[PDB]
2 protein chains.
Amino acid sequence: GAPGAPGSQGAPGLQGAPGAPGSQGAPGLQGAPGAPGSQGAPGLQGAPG
Amino acid sequence: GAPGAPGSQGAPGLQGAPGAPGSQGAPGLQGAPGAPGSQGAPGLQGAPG
């Protein structure tokens with residue numbers, strides 16, 4: 001018998017992993033599908049004179 | 001050790017642009033302006049005197 005001096009790596013099976021999932025489906029607004037840039041523009045377009 | 005442990009697995013990539021739907025524009029107007037009437041004086045001085 002003698003001091004086993006087995007050493008060890010108590011660091012767990014957790015394995016760190018500082019890397020987020022990555023926001024795979026989270027691109028802000030998945031690309032902001034918000035309103036159209038415009039929907040009209042012909043102004044003062046009447047007729048009679 | 002961690003023989004293949006994909007520890008901290010994140011996101012191999014990204015990318016996609018925001019919704020910028022149709023921006024309508026400005027049609028003209030004034031089909032056939034011609035303020036409806038008989039241009040000039042239909043009639044030749046109506047038998048003067």
# chains A, B, ... in the order shown; residues from 1 in each chain; ligands from 1
>>> residues_around(residues="residue A:22", least_positions_apart="4", cutoff="9 Å", atoms="only C-alpha atoms", output="list in words")
residues 26 of chain A; 9, 10, 11, 12, 13 and 14 of chain B
>>> interface_residues(of="chain B", to="chain A", cutoff="6 Å", atoms="only C-alpha atoms", output="list in words")
residues 7, 8, 9, 10, 11, 16, 17, 18, 19, 20, 21, 22, 23, 24, 25, 26, 27, 29, 30 and 35 of chain B
>>> write_last_selection(atoms="C-alpha atoms", output="PDB file, in the first residue's frame")
ATOM      1  CA  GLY B   7     -19.901  20.603 -26.350  1.00  0.00           C
ATOM      2  CA  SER B   8     -21.109  24.182 -26.750  1.00  0.00           C
ATOM      3  CA  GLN B   9     -22.626  23.407 -30.158  1.00  0.00           C
ATOM      4  CA  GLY B  10     -23.964  26.637 -31.603  1.00  0.00           C
ATOM      5  CA  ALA B  11     -25.161  27.548 -35.082  1.00  0.00           C
ATOM      6  CA  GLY B  16     -32.089  36.188 -44.281  1.00  0.00           C
ATOM      7  CA  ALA B  17     -33.431  39.650 -45.067  1.00  0.00           C
ATOM      8  CA  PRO B  18     -36.523  41.457 -43.769  1.00  0.00           C
ATOM      9  CA  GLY B  19     -39.893  41.555 -45.462  1.00  0.00           C
ATOM     10  CA  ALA B  20     -40.076  44.660 -47.655  1.00  0.00           C
ATOM     11  CA  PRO B  21     -43.390  44.157 -49.460  1.00  0.00           C
ATOM     12  CA  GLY B  22     -44.521  45.995 -52.563  1.00  0.00           C
ATOM     13  CA  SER B  23     -44.286  49.779 -52.458  1.00  0.00           C
ATOM     14  CA  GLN B  24     -46.912  51.015 -54.907  1.00  0.00           C
ATOM     15  CA  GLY B  25     -46.411  54.169 -56.939  1.00  0.00           C
ATOM     16  CA  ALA B  26     -48.086  57.156 -58.590  1.00  0.00           C
ATOM     17  CA  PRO B  27     -50.228  56.635 -61.689  1.00  0.00           C
ATOM     18  CA  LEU B  29     -54.459  61.127 -64.176  1.00  0.00           C
ATOM     19  CA  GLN B  30     -56.446  63.372 -66.490  1.00  0.00           C
ATOM     20  CA  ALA B  35     -62.748  70.541 -70.282  1.00  0.00           C
TER      21      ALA B  35
END
>>> calpha_fit_and_write(fixed="chain B", moving="chain A", output="compact mmCIF listing (two decimals) with C-alpha atoms, in the first residue's frame")
# COMPACT_ATOMS: atom_id res chain seq x y z
CA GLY A 1 -15.65 16.33 -24.35
CA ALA A 2 -17.23 15.15 -27.60
CA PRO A 3 -18.22 16.61 -30.98
CA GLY A 4 -20.57 19.35 -29.88
CA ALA A 5 -22.71 18.86 -32.99
CA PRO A 6 -24.36 22.20 -32.12
CA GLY A 7 -25.85 22.52 -35.60
CA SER A 8 -26.86 26.06 -36.48
CA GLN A 9 -28.85 28.35 -38.77
CA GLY A 10 -26.18 30.52 -40.34
CA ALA A 11 -28.95 32.38 -42.15
CA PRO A 12 -28.46 35.97 -40.98
CA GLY A 13 -30.52 38.64 -39.30
CA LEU A 14 -31.20 40.04 -42.76
CA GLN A 15 -34.33 37.87 -42.77
CA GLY A 16 -34.94 37.58 -46.48
CA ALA A 17 -37.68 40.16 -47.01
CA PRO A 18 -38.43 39.82 -50.74
CA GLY A 19 -41.34 42.24 -50.36
CA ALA A 20 -40.84 45.63 -51.96
CA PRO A 21 -41.85 48.75 -50.02
CA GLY A 22 -45.02 48.60 -52.12
CA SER A 23 -44.87 51.79 -54.23
CA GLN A 24 -47.12 53.38 -51.60
CA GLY A 25 -47.14 56.82 -53.19
CA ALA A 26 -46.27 55.56 -56.67
CA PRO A 27 -49.58 54.95 -58.49
CA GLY A 28 -48.23 55.78 -61.93
CA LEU A 29 -49.24 59.44 -62.02
CA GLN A 30 -50.76 59.01 -58.54
CA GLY A 31 -53.76 58.91 -60.81
CA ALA A 32 -52.81 60.78 -63.96
CA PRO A 33 -54.06 64.27 -63.12
CA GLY A 34 -53.39 65.23 -66.71
CA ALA A 35 -55.28 67.78 -68.77
CA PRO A 36 -59.08 67.87 -68.79
CA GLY A 37 -60.87 65.63 -71.23
CA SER A 38 -62.06 68.80 -72.95
CA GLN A 39 -62.11 72.56 -72.65
CA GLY A 40 -64.34 73.60 -75.57
CA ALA A 41 -66.72 72.33 -78.22
CA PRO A 42 -69.08 75.09 -79.48
CA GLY A 43 -67.85 75.28 -83.07
CA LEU A 44 -68.91 77.66 -85.83
CA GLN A 45 -71.03 79.46 -83.23
CA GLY A 46 -71.15 82.88 -84.85
CA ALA A 47 -74.11 85.19 -85.22
CA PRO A 48 -74.83 87.40 -88.26
CA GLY A 49 -76.83 86.25 -91.26
